[PDB]
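These notes are about the structure you will find just below.
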Amino acid sequence: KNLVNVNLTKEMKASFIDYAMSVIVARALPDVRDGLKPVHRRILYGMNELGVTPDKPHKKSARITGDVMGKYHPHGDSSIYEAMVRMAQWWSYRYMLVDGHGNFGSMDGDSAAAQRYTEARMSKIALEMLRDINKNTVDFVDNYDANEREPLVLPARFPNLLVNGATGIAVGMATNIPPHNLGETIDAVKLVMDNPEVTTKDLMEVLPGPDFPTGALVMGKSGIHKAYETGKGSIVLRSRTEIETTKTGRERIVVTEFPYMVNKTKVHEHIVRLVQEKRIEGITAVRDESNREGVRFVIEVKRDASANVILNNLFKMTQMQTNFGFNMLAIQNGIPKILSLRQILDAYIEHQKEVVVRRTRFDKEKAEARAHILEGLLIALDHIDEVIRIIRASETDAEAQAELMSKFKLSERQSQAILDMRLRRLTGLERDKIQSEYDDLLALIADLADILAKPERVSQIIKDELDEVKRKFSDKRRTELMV
Amino acid sequence: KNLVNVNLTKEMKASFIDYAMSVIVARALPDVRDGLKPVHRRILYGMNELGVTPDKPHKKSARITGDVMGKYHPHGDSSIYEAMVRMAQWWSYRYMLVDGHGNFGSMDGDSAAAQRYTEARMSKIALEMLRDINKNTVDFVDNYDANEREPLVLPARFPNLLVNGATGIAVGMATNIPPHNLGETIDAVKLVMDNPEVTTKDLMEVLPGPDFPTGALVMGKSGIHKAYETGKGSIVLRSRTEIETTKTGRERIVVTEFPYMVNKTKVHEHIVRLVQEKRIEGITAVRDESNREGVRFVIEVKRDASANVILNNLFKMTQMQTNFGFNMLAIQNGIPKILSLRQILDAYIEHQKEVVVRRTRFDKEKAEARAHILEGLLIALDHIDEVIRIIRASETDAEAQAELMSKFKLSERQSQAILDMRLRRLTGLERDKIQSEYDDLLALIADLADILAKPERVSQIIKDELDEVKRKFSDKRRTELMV
Amino acid sequence: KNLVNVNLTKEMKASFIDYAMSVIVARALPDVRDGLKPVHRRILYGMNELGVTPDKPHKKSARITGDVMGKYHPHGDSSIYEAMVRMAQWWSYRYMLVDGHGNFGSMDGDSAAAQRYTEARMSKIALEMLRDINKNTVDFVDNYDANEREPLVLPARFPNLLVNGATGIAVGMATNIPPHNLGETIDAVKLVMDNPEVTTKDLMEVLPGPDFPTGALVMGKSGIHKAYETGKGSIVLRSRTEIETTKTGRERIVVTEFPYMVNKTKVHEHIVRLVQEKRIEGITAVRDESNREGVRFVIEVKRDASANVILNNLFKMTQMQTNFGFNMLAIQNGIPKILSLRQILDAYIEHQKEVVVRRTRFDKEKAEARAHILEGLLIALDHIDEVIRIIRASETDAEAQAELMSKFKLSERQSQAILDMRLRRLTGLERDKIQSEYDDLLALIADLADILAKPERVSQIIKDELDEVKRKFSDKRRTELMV
């Protein structure tokens with residue numbers, strides 16, 4: 001009993017809200033608008049600023065995490081590398097945002113040694129997540145070192161919550177992984193953006209549901225319907241098992257698809273233990289006939305035993321048919337909320353409208369500034385002789401630009417462009433190029449103003465780039481929806 | 001300052017209550033009704049389900065803790081093994097529930113290396129703690145993997161709070177160890193269950209107080225009386241020291257019983273340091289004349305120095321006579337409360353009444369179902385010819401059992417027993433055995449109904465099994481209550 | 001979900017206040033009245049009770065931290081040794097309270113191995129911090145082992161907040177380091193204690209501001225004025241850099257003083273990376289021309305590049321000119337408060353008044369007890385014959401002292417001094433010494449009563465001992481206040 005500091009009412013409330021919000025944000029459930037944890041966001045943005053894209057070969061992950069420590073995220077090195085390892089595995093994570101280089105793990109449960117042993121880089125999907133970031137797309141903030149700037153939320157181009165899910169730590173509130181097939185997800189985005197009232201049955205027509213990174217069988221469409229209506233629910237995960245009867249008589253259970261985030265080795269040891277716990281018999285042996293390649297494993301049922309009985313009993317006991325809860329809890333508008341499939345996609349469509357409007361306004365700013373400078377040079381091309389007469393009558397550059405701005409109503413940018421205009425550009429062979437490019441840039445300004453004026457074309461650009469992503473990446477369901 | 005999640009009033013209250021209750025339950029003060037921590041409860045129940053009893057030799061503790069991790073308690077492996085080591089030491093813990101096998105520690109303060117170096121099993125007292133568990137005795141719950149079931153509270157057969165105590169971590173609220181002699185405790189339980197108003201002076205007539213695992217001297221019966229009245233108090237722990245005067249002249253302090261959870265080595269180094277801190281003199285030397293066997297240690301006082309002065313001064317300074325607080329704080333009805341010796345034993349007697357009523361109702365269910373089946377076979381033995389006439393007139397087994405249930409008002413269990421009754425059992429040599437066993441089972445049902453009807457016999461069964469435990473285990477006080 | 005303990009309203013409030021106050025005190029922001037963390041306070045007091053002063057050579061730090069663990073502070077050994085290492089470095093800490101012995105670290109960022117490899121002791125400033133501690137100066141408390149006593153707040157002799165600063169961990173509330181030059185600080189204390197209303201501009205006349213342990217340049221006197229008025233503010237830290245033009249042409253940036261708690265190696269690697277990040281060019285190379293001795297480092301700017309442009313750009317980008325916040329938050333009266341420079345020094349002057357009054361009352365107690373005993377012996381010297389007549393008429397010592405106290409109105413201390421008075425002291429050659437020493441001790445009592453009666457002399461003693469400290473230690477600013 002050392003500190004005896006008493007008068008701590010509102011200060012314990014403020015410090016408690018601060019430490020709770022720091023838990024919820026930093027080491028807990030991620031955002032709606034990109035589905036990415038802040039550790040993950042700083043991973044992607046730091047590896048963007050290092051430029052470690054798939055044009056270059058893989059770089060040492062220790063340098064990337066050291067730049068994360070020195071710029072964006074001052075926390076555990078092994079925790080940042082844990083996020084690195086979990087992101088860069090095909091079974092741990094559906095679409096590997098980071099493509100790694102070296103031993104990371106196995107489905108049996110394995111870990112890499114440290115951040116200085118293996119390499120990594122961004123995959124083809126992180127370039128999607130970071131395409132059009134540097135263009136006033138999402139507002140930056142100053143981080144803990146007050147010299148670096150980080151993005152608040154990564155400007156996504158595909159809604160990554162439905163793709164990769166949110167694993168959650170409860171300090172009262174935890175959250176789950178509904179994974180999804182990318183192409184059906186994008187089609188669901190299209191149908192929601194077309195009709196503002198689509199029933200969730202008509203999106204279950206679109207979306208089957210859990211597209212696992214290793215495949216499985218999903219039992220229960222009722223729990224699926226409950227989940228994409230209310231947010232809370234549970235489905236059942238039955239492995240892809242089949243009964244194959246030999247001509248000899250000793251039947252066969254071929255198991256090929258253990259469910260989401262379930263060990264192989266622990267389940268097979270649990271099966272052998274349940275043989276030697278002797279509650280039920282009939283299992284002859286287990287053949288684990290692969291080292292790393294191909295997931296198809298034979299467990300034998302003896303002669304004179306219907307293997308569907310053994311199959312139902314291993315589904316009852318083991319981690320081969322489990323429950324799996326859905327609770328789609330994430331940050332919207334700064335608060336954690338349980339949100340539905342409708343609400344996730346409504347918010348994502350609103351965010352892509354924000355992304356498109358900000359990118360379009362940025363390019364209109366850039367082209368408008370260039371057209372402003374080119375208009376100043378065009379006014380210089382209008383009355384060349386008066387400009388030359390003032391330059392010959394000038395004494396300093398400031399006098400020349402001030403008298404040009406006084407005489408032809410010019411800007412500082414315009415007058416600097418005139419006083420830095422090259423004399424070789426004083427020809428009709430150059431006035432043609434300037435005038436044609438000026439009309440082209442005003443045409444581009446009119447096009448971007450038409451984009452900013454009509455929200456239909458906003459949705460059109462969204463549809464086009466989403467279908468581009470769907471062409472570039474969309475596989476189909478490794479998991480079969482059974483009944 | 002990363003997460004900026006604002007609207008968190010009731011969610012920070014719910015998450016804060018959740019994390020606080022998870023601290024209080026999991027890593028903090030244990031229960032009234034069995035005195036066992038949830039880590040300890042999962043240790044005992046996992047080692048029960050593995051069957052690692054003293055009929056078998058000791059098994060590797062790593063496998064037990066791995067089964068704890070895979071079934072009941074997903075937390076620190078070294079923390080679970082710390083509970084394993086602390087439970088399985090005679091000086092660290094009064095009655096070793098786990099009997100170990102290998103190097104665990106010393107009273108000097110020593111630790112085992114890991115969970116995969118040494119072995120363990122249950123001792124003779126954990127079989128008491130787990131006797132009659134599988135018989136609807138305490139309701140199970142589903143744990144974090146939703147396939148395993150764990151017990152809420154272990155059905156105790158001796159009140160383990162008073163025996164082993166509760167060490168407590170304060171997040172505002174900590175709790176202490178009153179240990180007790182088992183036989184006097186059981187006699188106190190008997191006298192409380194006999195007279196519902198026994199004064200606490202009359203139970204201090206029964207209970208002396210702290211029965212330490214290594215022995216000591218307890219000063220202060222006033223603090224003892226304060227403790228078993230109100231819960232809060234403190235007693236004084238003076239070591240078993242004696243002054244032995246040599247014929248030569250250089251006197252002797254024989255110290256044999258350091259108090260509860262006090263190091264030997266730190267106290268002897270503190271004594272040598274107090275000699276070389278030179279506040280008071282007269283100590284010649286310290287002889288630590290044992291390696292591991294026998295706790296009797298001689299510290300010499302020189303010629304011309306009364307060793308009672310040195311003895312009072314080492315009691316003033318060192319950790320040889322210390323204070324020791326009592327604050328009997330534990331979970332009753334789901335809340336933590338400071339409870340008295342009366343209240344602990346009233347609650348324990350209520351829990352054993354619950355245990356006895358549930359076990360008696362379970363055995364009445366089992367014998368009643370068997371008597372129901374045997375009554376169906378007895379009705380089959382009544383009119384055998386009509387049953388045979390319907391079986392000969394039957395076409396399917398479902399038809400046969402339906403017509404038997406229609407004709408003689410039978411059950412599905414009764415009709416299956418009749419249609420599976422062996423024809424060799426159709427004799428008067430077999431009707432005698434069935435009728436005699438049927439009357440015996442109805443006699444057992446009448447006996448269990450008499451147990452469920454009269455709470456006197458409930459207390460009688462409690463007295464009998466407690467006195468059985470008292471015969472099987474009760475030693476006496478290694479600690480002397482001095483004045 | 002293991003513990004299900006519900007009724008926890010006021011108990012979660014009490015446990016939450018307890019764990020929050022334990023964070024704030026133990027592992028967080030330190031006190032006003034000595035500027036020392038409780039870990040640091042237990043370091044200094046434990047090394048005081050071990051007596052490891054600079055009269056003896058350095059002792060092994062593992063023994064000191066082990067005595068800290070065994071007496072005052074039961075927490076992380078590496079955390080206590082982290083406080084040991086940070087305190088005993090000239091660049092990590094302004095005036096090294098602990099003087100160490102061995103490898104501790106570097107400005108590049110280095111750590112010692114453990115507490116058992118290197119040695120330490122108190123420096124010349126910890127003897128100042130612990131001078132007049134054992135004299136009823138600050139009230140002790142009983143610590144966690146109830147046998148040791150520790151000081152609440154160390155009786156400081158120079159205000160250590162302004163000297164060494166308070167680094168803070170936010171659980172909502174963090175705090176910063178304003179370091180100060182000792183001599184100007186003491187002069188500010190003198191001027192505040194003289195005039196109770198000195199304007200903060202007139203103390204910025206006294207106090208320049210941040211006296212860093214390695215030197216720097218401070219930009220912004222406005223933020224300084226904001227800081228010592230309100231507490232919150234920020235100043236800018238520009239390194240001591242200079243542009244030196246070679247006769248060849250390739251200019252030179254000599255950097256000698258990186259700011260407070262900024263790495264060298266990370267900044268030079270950041271500069272080389274910014275060369276290879278290729279945002280701006282002109283830097284030729286970096287020469288790190290020292291191993292450990294002398295901090296003067298040359299970074300080259302190429303021919304035809306004004307190095308003030310490169311200098312402003314490295315100030316914009318790197319950690320060479322940074323921001324630095326001031327938020328003087330510390331414990332006053334048991335609560336954390338943001339306090340101003342006026343308020344820190346008003347509270348420090350009040351604390352030194354408390355120190356002086358308590359020390360003066362202690363020495364008045366000691367001299368008054370000695371004068372009481374000497375007055376009893378003086379009354380014995382008055383009527384020697386009656387005392388001898390009663391001693392000759394006595395039978396026991398208790399009778400003799402009781403009859404002396406009855407006959408001459410004496411005390412137990414006085415009568416024991418008379419009955420233990422040596423007969424050789426019954427001479428006029430000894431009555432002279434007793435009478436002269438008695439008048440001298442009554443003169444000392446009158447002097448201390450004059451100190452306790454007039455607060456002017458209290459401030460005078462404070463001024464004298466502060467100027468003694470200023471003579472013994474005060475260097476000048478390694479940091480230049482630039483504009």
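Labels for the structure tokens follow display order: chains A, B, ..., residues from 1 in each chain, ligands from 1.
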Chain C contacts on chain A, only C-alpha atoms, 6 Å, as a PyMOL selection string = chain A and resi 3+5-7+14-15+18-19
Export of the given selection (N, CA and C atoms) as a CSV table (one decimal), in the first residue's frame:
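And here's part05.csv as it stands now:
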chain,number,residue,atom,x,y,z
A,3,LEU,N,1.1,4.2,-2.8
A,3,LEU,CA,0.5,5.5,-3.2
A,3,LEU,C,-0.8,5.6,-2.4
A,5,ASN,N,-2.9,8.4,-2.9
A,5,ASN,CA,-3.6,9.5,-3.6
A,5,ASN,C,-5.1,9.3,-3.6
A,6,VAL,N,-5.8,10.3,-3.0
A,6,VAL,CA,-7.2,10.1,-2.7
A,6,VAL,C,-8.1,10.7,-3.8
A,7,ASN,N,-8.1,12.0,-4.0
A,7,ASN,CA,-9.2,12.7,-4.7
A,7,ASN,C,-9.1,12.4,-6.2
A,14,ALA,N,-11.8,9.4,-16.2
A,14,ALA,CA,-11.1,9.8,-17.4
A,14,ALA,C,-10.0,8.8,-17.7
A,15,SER,N,-9.2,8.4,-16.7
A,15,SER,CA,-8.1,7.5,-17.0
A,15,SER,C,-8.6,6.1,-17.3
A,18,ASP,N,-9.8,6.2,-20.8
A,18,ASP,CA,-8.7,6.2,-21.7
A,18,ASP,C,-8.0,4.9,-21.8
A,19,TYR,N,-7.9,4.1,-20.7
A,19,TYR,CA,-7.2,2.8,-20.8
A,19,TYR,C,-8.2,1.8,-21.5
query = Where does DSSP see alpha helix (DSSP H) in region 71-258 of chain C, if you list the residues as a PyMOL selection string?
reply = chain C and resi 71+77-87+126-129+160-164+182-194+200-204+221-230
key: 12 Å contact set for residue 117 (chain C), only C-alpha atoms, chain neighbours under 4 positions out, as a PyMOL selection string   = chain C and resi 59-63+81+100-104+111-113
inquiry  = I want to know what sits within 10 Å of residue 33 (chain C), based on only C-alpha atoms, with residues of the same chain fewer than 5 positions away left out; could you give that as a PyMOL selection string?
reply    = chain C and resi 153-156+158-161+330-333+344-345+347-352
What does the file look like for those residues with C-alpha atoms, as a tab-separated table (two decimals), in the first residue's frame?
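As a result, result-v4.tsv now contains:
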chain	number	residue	atom	x	y	z
C	153	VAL	CA	8.44	11.44	1.59
C	154	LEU	CA	12.20	11.95	1.60
C	155	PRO	CA	13.18	15.17	3.37
C	156	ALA	CA	14.64	17.04	0.48
C	158	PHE	CA	16.79	20.99	-2.85
C	159	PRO	CA	13.58	20.80	-4.87
C	160	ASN	CA	14.20	17.79	-7.07
C	161	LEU	CA	11.16	18.17	-9.35
C	330	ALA	CA	2.42	15.66	-9.62
C	331	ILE	CA	1.00	14.64	-6.25
C	332	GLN	CA	0.11	17.44	-3.86
C	333	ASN	CA	-1.84	16.68	-0.66
C	344	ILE	CA	5.78	23.98	-7.00
C	345	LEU	CA	8.05	26.40	-5.20
C	347	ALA	CA	4.78	23.99	-1.79
C	348	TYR	CA	8.51	23.27	-1.57
C	349	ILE	CA	9.06	26.27	0.71
C	350	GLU	CA	6.17	25.08	2.89
C	351	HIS	CA	7.77	21.63	3.04
C	352	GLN	CA	11.15	23.03	4.04
As a PDB file with N, CA and C atoms, in the first residue's frame, please: the residues near residue 256 (chain C) (cut-off 12 Å, only C-alpha atoms, same-chain neighbours under 5 positions excluded).
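Contents of around_11.pdb, as written:
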ATOM      1  N   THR C 214      22.413  16.889 -21.529  1.00  0.00           N
ATOM      2  CA  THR C 214      23.382  16.886 -22.612  1.00  0.00           C
ATOM      3  C   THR C 214      23.478  18.209 -23.352  1.00  0.00           C
ATOM      4  N   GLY C 215      22.626  19.171 -23.049  1.00  0.00           N
ATOM      5  CA  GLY C 215      22.660  20.417 -23.794  1.00  0.00           C
ATOM      6  C   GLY C 215      21.845  20.346 -25.067  1.00  0.00           C
ATOM      7  N   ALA C 216      21.329  21.503 -25.471  1.00  0.00           N
ATOM      8  CA  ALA C 216      20.506  21.665 -26.670  1.00  0.00           C
ATOM      9  C   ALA C 216      20.367  23.154 -26.963  1.00  0.00           C
ATOM     10  N   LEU C 217      19.434  23.468 -27.852  1.00  0.00           N
ATOM     11  CA  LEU C 217      18.933  24.814 -28.082  1.00  0.00           C
ATOM     12  C   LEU C 217      17.428  24.803 -27.875  1.00  0.00           C
ATOM     13  N   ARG C 238      15.750  22.657 -30.791  1.00  0.00           N
ATOM     14  CA  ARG C 238      16.662  22.692 -31.924  1.00  0.00           C
ATOM     15  C   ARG C 238      18.069  22.377 -31.438  1.00  0.00           C
ATOM     16  N   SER C 239      18.715  21.402 -32.074  1.00  0.00           N
ATOM     17  CA  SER C 239      20.039  20.962 -31.662  1.00  0.00           C
ATOM     18  C   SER C 239      21.083  22.048 -31.894  1.00  0.00           C
ATOM     19  N   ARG C 240      22.177  21.974 -31.131  1.00  0.00           N
ATOM     20  CA  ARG C 240      23.294  22.893 -31.341  1.00  0.00           C
ATOM     21  C   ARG C 240      24.005  22.489 -32.624  1.00  0.00           C
ATOM     22  N   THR C 241      23.584  23.112 -33.715  1.00  0.00           N
ATOM     23  CA  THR C 241      24.112  22.893 -35.045  1.00  0.00           C
ATOM     24  C   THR C 241      24.734  24.184 -35.548  1.00  0.00           C
ATOM     25  N   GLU C 242      25.794  24.042 -36.331  1.00  0.00           N
ATOM     26  CA  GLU C 242      26.418  25.220 -36.913  1.00  0.00           C
ATOM     27  C   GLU C 242      26.893  24.886 -38.317  1.00  0.00           C
ATOM     28  N   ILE C 243      26.889  25.905 -39.173  1.00  0.00           N
ATOM     29  CA  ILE C 243      27.273  25.779 -40.573  1.00  0.00           C
ATOM     30  C   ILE C 243      28.690  26.309 -40.712  1.00  0.00           C
ATOM     31  N   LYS C 264      21.172   9.152 -30.676  1.00  0.00           N
ATOM     32  CA  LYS C 264      22.095   9.541 -31.737  1.00  0.00           C
ATOM     33  C   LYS C 264      21.954   8.618 -32.941  1.00  0.00           C
ATOM     34  N   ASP C 288      30.479   9.954 -37.980  1.00  0.00           N
ATOM     35  CA  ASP C 288      30.311   9.695 -36.554  1.00  0.00           C
ATOM     36  C   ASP C 288      31.704   9.423 -35.994  1.00  0.00           C
ATOM     37  N   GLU C 289      32.408  10.494 -35.637  1.00  0.00           N
ATOM     38  CA  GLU C 289      33.844  10.447 -35.365  1.00  0.00           C
ATOM     39  C   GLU C 289      34.157  10.306 -33.883  1.00  0.00           C
ATOM     40  N   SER C 290      33.333   9.586 -33.128  1.00  0.00           N
ATOM     41  CA  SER C 290      33.626   9.301 -31.732  1.00  0.00           C
ATOM     42  C   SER C 290      33.126   7.913 -31.371  1.00  0.00           C
ATOM     43  N   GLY C 294      33.527  12.761 -26.368  1.00  0.00           N
ATOM     44  CA  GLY C 294      33.319  13.981 -27.118  1.00  0.00           C
ATOM     45  C   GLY C 294      32.125  13.876 -28.038  1.00  0.00           C
ATOM     46  N   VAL C 295      31.193  14.818 -27.941  1.00  0.00           N
ATOM     47  CA  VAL C 295      29.981  14.791 -28.753  1.00  0.00           C
ATOM     48  C   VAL C 295      30.081  15.974 -29.708  1.00  0.00           C
ATOM     49  N   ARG C 296      30.682  15.721 -30.863  1.00  0.00           N
ATOM     50  CA  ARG C 296      30.800  16.678 -31.954  1.00  0.00           C
ATOM     51  C   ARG C 296      30.852  15.883 -33.245  1.00  0.00           C
ATOM     52  N   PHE C 297      29.849  16.055 -34.100  1.00  0.00           N
ATOM     53  CA  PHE C 297      29.699  15.170 -35.248  1.00  0.00           C
ATOM     54  C   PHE C 297      29.418  15.978 -36.506  1.00  0.00           C
ATOM     55  N   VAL C 298      30.115  15.618 -37.578  1.00  0.00           N
ATOM     56  CA  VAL C 298      30.135  16.365 -38.825  1.00  0.00           C
ATOM     57  C   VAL C 298      29.276  15.623 -39.834  1.00  0.00           C
ATOM     58  N   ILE C 299      28.297  16.320 -40.397  1.00  0.00           N
ATOM     59  CA  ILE C 299      27.557  15.840 -41.553  1.00  0.00           C
ATOM     60  C   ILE C 299      27.782  16.816 -42.701  1.00  0.00           C
ATOM     61  N   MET C 320      15.950  16.024 -34.763  1.00  0.00           N
ATOM     62  CA  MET C 320      17.011  16.956 -34.412  1.00  0.00           C
ATOM     63  C   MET C 320      16.466  18.275 -33.898  1.00  0.00           C
ATOM     64  N   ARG C 478      24.066  23.735 -19.883  1.00  0.00           N
ATOM     65  CA  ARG C 478      24.588  23.109 -21.085  1.00  0.00           C
ATOM     66  C   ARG C 478      23.721  23.416 -22.295  1.00  0.00           C
ATOM     67  N   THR C 479      22.477  23.809 -22.065  1.00  0.00           N
ATOM     68  CA  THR C 479      21.541  24.198 -23.104  1.00  0.00           C
ATOM     69  C   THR C 479      21.526  25.714 -23.230  1.00  0.00           C
TER      70      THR C 479
END
inquiry  = If you run DSSP on the backbone here, which positions in region 269-439 of chain B get strand (DSSP E or B)? Please write them as an MDAnalysis selection string.
reply    = chainID B and resid 283:287 297:301 321:327 329:332 335:338
Written selection (N, CA and C atoms) as an mmCIF file, in the first residue's frame:
data_model
loop_
_atom_site.group_PDB
_atom_site.id
_atom_site.type_symbol
_atom_site.label_atom_id
_atom_site.label_comp_id
_atom_site.auth_asym_id
_atom_site.auth_seq_id
_atom_site.Cartn_x
_atom_site.Cartn_y
_atom_site.Cartn_z
ATOM 1 N N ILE B 283 24.705 -12.611 20.016
ATOM 2 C CA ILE B 283 24.631 -13.820 19.205
ATOM 3 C C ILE B 283 26.047 -14.224 18.822
ATOM 4 N N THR B 284 26.426 -15.457 19.151
ATOM 5 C CA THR B 284 27.725 -15.953 18.718
ATOM 6 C C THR B 284 27.676 -16.397 17.260
ATOM 7 N N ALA B 285 26.845 -17.391 16.958
ATOM 8 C CA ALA B 285 26.796 -17.964 15.619
ATOM 9 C C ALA B 285 25.445 -18.627 15.406
ATOM 10 N N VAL B 286 25.264 -19.156 14.197
ATOM 11 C CA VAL B 286 24.064 -19.880 13.798
ATOM 12 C C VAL B 286 24.493 -21.201 13.182
ATOM 13 N N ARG B 287 23.940 -22.304 13.684
ATOM 14 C CA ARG B 287 24.193 -23.623 13.120
ATOM 15 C C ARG B 287 22.939 -24.104 12.400
ATOM 16 N N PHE B 297 17.198 -26.326 14.844
ATOM 17 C CA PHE B 297 18.360 -25.515 14.504
ATOM 18 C C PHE B 297 18.803 -24.693 15.705
ATOM 19 N N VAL B 298 20.111 -24.688 15.936
ATOM 20 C CA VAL B 298 20.725 -24.122 17.125
ATOM 21 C C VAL B 298 21.360 -22.796 16.744
ATOM 22 N N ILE B 299 20.980 -21.739 17.448
ATOM 23 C CA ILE B 299 21.672 -20.462 17.381
ATOM 24 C C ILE B 299 22.218 -20.142 18.767
ATOM 25 N N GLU B 300 23.510 -19.840 18.823
ATOM 26 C CA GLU B 300 24.248 -19.772 20.075
ATOM 27 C C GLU B 300 24.228 -18.359 20.634
ATOM 28 N N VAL B 301 24.012 -18.248 21.938
ATOM 29 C CA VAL B 301 24.208 -17.008 22.673
ATOM 30 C C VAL B 301 25.452 -17.191 23.527
ATOM 31 N N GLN B 321 8.930 -14.114 15.114
ATOM 32 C CA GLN B 321 7.615 -13.826 15.671
ATOM 33 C C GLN B 321 7.031 -12.664 14.883
ATOM 34 N N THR B 322 6.019 -12.962 14.078
ATOM 35 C CA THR B 322 5.390 -12.010 13.171
ATOM 36 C C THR B 322 3.931 -11.798 13.548
ATOM 37 N N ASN B 323 3.293 -10.869 12.848
ATOM 38 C CA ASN B 323 1.845 -10.789 12.872
ATOM 39 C C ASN B 323 1.278 -11.658 11.765
ATOM 40 N N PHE B 324 0.001 -11.993 11.897
ATOM 41 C CA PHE B 324 -0.670 -12.734 10.844
ATOM 42 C C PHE B 324 -2.142 -12.372 10.894
ATOM 43 N N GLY B 325 -2.641 -11.791 9.813
ATOM 44 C CA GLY B 325 -4.013 -11.353 9.769
ATOM 45 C C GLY B 325 -4.953 -12.457 9.329
ATOM 46 N N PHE B 326 -6.164 -12.407 9.870
ATOM 47 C CA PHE B 326 -7.280 -13.223 9.421
ATOM 48 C C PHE B 326 -8.333 -12.308 8.821
ATOM 49 N N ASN B 327 -8.755 -12.622 7.600
ATOM 50 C CA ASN B 327 -9.884 -11.946 6.966
ATOM 51 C C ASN B 327 -10.545 -12.989 6.062
ATOM 52 N N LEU B 329 -12.620 -14.037 3.720
ATOM 53 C CA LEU B 329 -13.352 -13.487 2.591
ATOM 54 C C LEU B 329 -13.417 -14.522 1.482
ATOM 55 N N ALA B 330 -14.627 -14.887 1.079
ATOM 56 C CA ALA B 330 -14.790 -15.885 0.028
ATOM 57 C C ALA B 330 -16.149 -15.701 -0.630
ATOM 58 N N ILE B 331 -16.393 -16.493 -1.667
ATOM 59 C CA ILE B 331 -17.580 -16.350 -2.498
ATOM 60 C C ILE B 331 -18.718 -17.139 -1.876
ATOM 61 N N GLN B 332 -19.778 -16.450 -1.485
ATOM 62 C CA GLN B 332 -21.021 -17.114 -1.125
ATOM 63 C C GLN B 332 -22.114 -16.533 -1.996
ATOM 64 N N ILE B 335 -21.299 -13.759 -4.541
ATOM 65 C CA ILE B 335 -20.651 -12.493 -4.191
ATOM 66 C C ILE B 335 -19.514 -12.754 -3.213
ATOM 67 N N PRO B 336 -18.469 -11.928 -3.191
ATOM 68 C CA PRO B 336 -17.462 -12.064 -2.137
ATOM 69 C C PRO B 336 -17.965 -11.434 -0.850
ATOM 70 N N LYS B 337 -17.782 -12.146 0.256
ATOM 71 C CA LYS B 337 -18.195 -11.669 1.562
ATOM 72 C C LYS B 337 -17.177 -12.081 2.606
ATOM 73 N N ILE B 338 -17.033 -11.226 3.609
ATOM 74 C CA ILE B 338 -16.297 -11.568 4.816
ATOM 75 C C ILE B 338 -17.231 -12.362 5.710
#
inquiry  = Need the shell around residue 261 (chain B): protein/DNA/RNA residues with any atom at most 10 Å away, counting only C-alpha atoms. Skip same-chain ones fewer than 4 positions apart. Format as a ChimeraX atom specification?
reply    = /B:91-93,107,109,212-214
key: Exercise: residue 164 (chain B) partners within 12 Å, only C-alpha atoms, chain neighbours under 5 positions left out, as an MDAnalysis selection string   = chainID B and resid 30 34:37 86:87 90:97 158:159 176:182 185 210:213 260
ask   = CA of residue 463 (chain B) and CA of residue 190 (chain B), how far apart in Å?
value = 6.5 Å
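Put simply, CA of residue 457 (chain A) is 24.6 Å away from CA of residue 438 (chain A).
Among the candidate residues B:206, B:126, B:314, B:120, the one lying nearest to residue 40 (chain B) is B:126, with distances computed using only C-alpha atoms.
CA of residue 368 (chain A) sits 28.9 Å away from CA of residue 148 (chain A).
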